[PDB]
Amino acid sequence: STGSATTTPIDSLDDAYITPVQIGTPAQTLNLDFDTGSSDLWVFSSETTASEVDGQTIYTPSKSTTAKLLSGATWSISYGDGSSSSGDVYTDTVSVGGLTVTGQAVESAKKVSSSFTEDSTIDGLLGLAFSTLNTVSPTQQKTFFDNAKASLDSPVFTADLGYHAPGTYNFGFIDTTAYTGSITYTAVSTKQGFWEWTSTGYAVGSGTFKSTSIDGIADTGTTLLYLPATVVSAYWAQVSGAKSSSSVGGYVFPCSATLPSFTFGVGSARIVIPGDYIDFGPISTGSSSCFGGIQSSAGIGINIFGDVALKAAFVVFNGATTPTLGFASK
């Protein structure tokens, strides 16, 4: 089997991407944030504290003839950005782009933090990291991909995120029309539960490539590119007037700037992030200070190849017995 679903930016900055997901019988379609940096499929629901719901579409398990309470199971998750959610668990039928999994754990939120409430466009998350990170207790649950894998034509999914445009998540096949040139594959460590890999270096604009190993995670659920302070300083030094602002929470730059590109290495291959992808717009409405899309990972504890990086590539998440990651230009 295979599946193919379009993923759509939630706003004009590509802050996140939503993908429609069918849950239950009859189908309830929710727009979920597919997150290769976590491993829980959780939804706003009829159980979510009413004051914490503001415009989201909810899953109502009592209206699904295939829903079953997973008795005694609870979940609770905290994300890198400080947001969180928790609740109980149902199993139900879940379909993505025509690919159906029966008995998928659907984690129903009883509580969500303010950032989730305030984002009316995201109805929940669909985790695509390794199932070892799943938070369900006392019986850990599998991700949608893990459940689907054996049925797939090939044990892979691909992320093809758009810049200010829709893109695609495919399951079970590689669309050879969706990228240019060849796909370069690189080793993955699953030791921390992430799609963790090592970039071979970087360049700023038309500058020379610096060969240096940068360990990080491919994370579709993180907006920006978080890299070591040395790398990030080298980038922003090429933008007149750019500076790190403790009050704003990262590097800012004059909105009048033209940003240089940023290149990262995948083995001997190179992925080029155009400068425009690095512009996250005014820090507040009407400001002439703009927020940068490349930020320091210092104090996160891990480098993160978030959407800014991934949307410059066609990315293969290869879930074969020994997982690997593939990147192609597009």
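This entry, as listed in the PDB, derives from X-ray crystallography and reports a resolution of 1.1700 Å.

Chemist: Give a description of the domain arrangement of the protein chain that names residues and reports values.
Modeler: On domain assignment, one finds that the protein chain holds domain 1 (5–174) and domain 2 (175–330). Put simply, the middle of domain 1 and the middle of domain 2, counted by C-alpha atoms, are 25 Å apart. On the side of domain 2, 33 residues touch domain 1, which itself brings 30 residues to the contact. Listed by contribution, the elements that provide at least two residues to the side of domain 1 that touches domain 2 are strand 3 (28–35), strand 9 (156–160) and strand 10 (167–171). Among the elements that take part in the side of domain 1 that touches domain 2, strand 9 stands out by supplying 5 residues, more than any other. Of the residues belonging to the side of domain 1 that touches domain 2, the class tally is 18 nonpolar, 6 polar and 6 charged.

Chemist: I'd like to hear about helix 3 (residues 229–236), residue by residue, with values.
Modeler: Three or more residues of helix 3 are buried, namely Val231, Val232, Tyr235 and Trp236. Along the long axis of helix 3, the arc covered by the buried residues comes to 125 degrees, so they all point the same way.

Chemist: Break down the sheet that holds strand 17 (residues 262–266) for me, with residues and values.
Modeler: Across a sheet, strands are paired by hydrogen bonds formed along the backbone, either parallel or antiparallel in direction. Read across the open sheet, the 7 strands follow the order 18-17-12-13-22-14-21; overall the sheet is mixed. Of all strands in the sheet, those bounded by a partner on one side alone are strand 18 (269–273) and strand 21 (294–296). Each strand axis lies, on average, 45 degrees off the axis of its neighbour in the sheet, ignoring direction. Pairing of strand 14 (residues 225–227) with strand 21 involves 3 bridges; the strand directions are parallel. Looking at the pairing, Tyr226 lines up with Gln295 of strand 21. Running at roughly 140 degrees to strand 21, helix 3 makes contact with strand 12 (196–204), strand 13 (210–218), strand 14, strand 17 and strand 21 of the sheet.

Chemist: Can you explain the nonpolar core? Please cite residues and give values.
Modeler: Formed by 68 residues in total, the largest nonpolar core has its most connected members in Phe171, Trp236, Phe262, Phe264, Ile273 and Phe327. Of the residues forming this core, the biggest block, 4 residues, is contributed by helix 3. Summarising the domain contributions, this core has at least three residues from each of domain 1 (5–174) and domain 2 (175–330). Once you skip the residues sitting within four places of it in the chain, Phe262 turns out to touch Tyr202, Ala203, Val204, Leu225, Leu227, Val231, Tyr235, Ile271, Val272, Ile273, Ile278 and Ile294. Formed by 17 residues, the second largest nonpolar core is a distinct cluster that contains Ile10, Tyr79, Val112 and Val136.

Chemist: Residue-level account of the state of the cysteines, with values.
Modeler: If you walk through the whole model with that rule in mind, you get 1 disulfide. The disulfide bridge from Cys255 ends at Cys290, spanning 2.0 Å between sulfur atoms. Of note, the bridge from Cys255 to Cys290 carries an S-S torsion of about 110 degrees and is right-handed in sense. Highlighted residues: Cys255 in the loop between strand 16 (250–254) and strand 17 and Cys290 in strand 20 (residues 289–292), separated in sequence by 35 residues. Residue classification places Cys255 among the partly exposed residues on the basis of a relative accessible area of 30%.

Chemist: So what about the side chain of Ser64? Which residues, and what values?
Modeler: With respect to the element layout, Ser64 can be found in the loop between strand 4 (41–43) and strand 5 (68–78). With a relative accessible area of 6%, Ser64 lands in the buried category. Of the polar contacts made by the side chain of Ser64, one reaches the backbone nitrogen of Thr25; its length is 3.0 Å. Residues in contact with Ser64, not counting those within four places in the same chain, are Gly24, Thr25, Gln28 and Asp92.

Chemist: Run through the pairing of strand 13, naming residues and quoting values.
Modeler: Across 6 bridges, strand 12 lies against strand 13 in antiparallel orientation. Among the inter-strand pairings, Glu196 is bridged to a residue of strand 13, identified as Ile217. What sits between the antiparallel neighbours strand 12 and strand 13 is a turn of 5 residues, in which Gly205 has the positive phi angle 55 degrees. Summarising the sheet, strand 13 and strand 22 (residues 303–305) pair through 3 bridges and their orientation is parallel. Within strand 22, the residue paired with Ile217 across the bridge is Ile304.

Calculation rules
- Residues numbered from 1 in each chain as written, not as in the entry; some residues may be left out.
- Heavy atoms only, no water.
- Residues with missing side-chain atoms left out of burial classes, pairs and counts.
- Domains from an automatic or database assignment.
- Contact = heavy atoms within 4.5 Å.
- Helix = DSSP H or I, 4+ residues; strand = E, 2+ residues; numbered from the N terminus.
- Nonpolar A, V, L, I, M, F, W, Y, C, P; charged D, E, K, R; others polar.
- Buried < 20%, exposed > 50% of the residue type's maximum accessible area, 1.4 Å probe, protein only.
- Arc of directions from axis to C-beta.
- Pairing = 2+ DSSP bridges.
- Axes fitted to C-alpha atoms, helices over the stretch in contact; angles between N-to-C directions.
- Core = buried A, V, L, I, M, F, W, Y, C linked by side-chain atoms within 4.5 Å.
- Disulfide = S-S within 2.5 Å.
- Polar contact = N/O pair within 3.5 Å; in protein donor to acceptor, adjacent residues only side chain to side chain.

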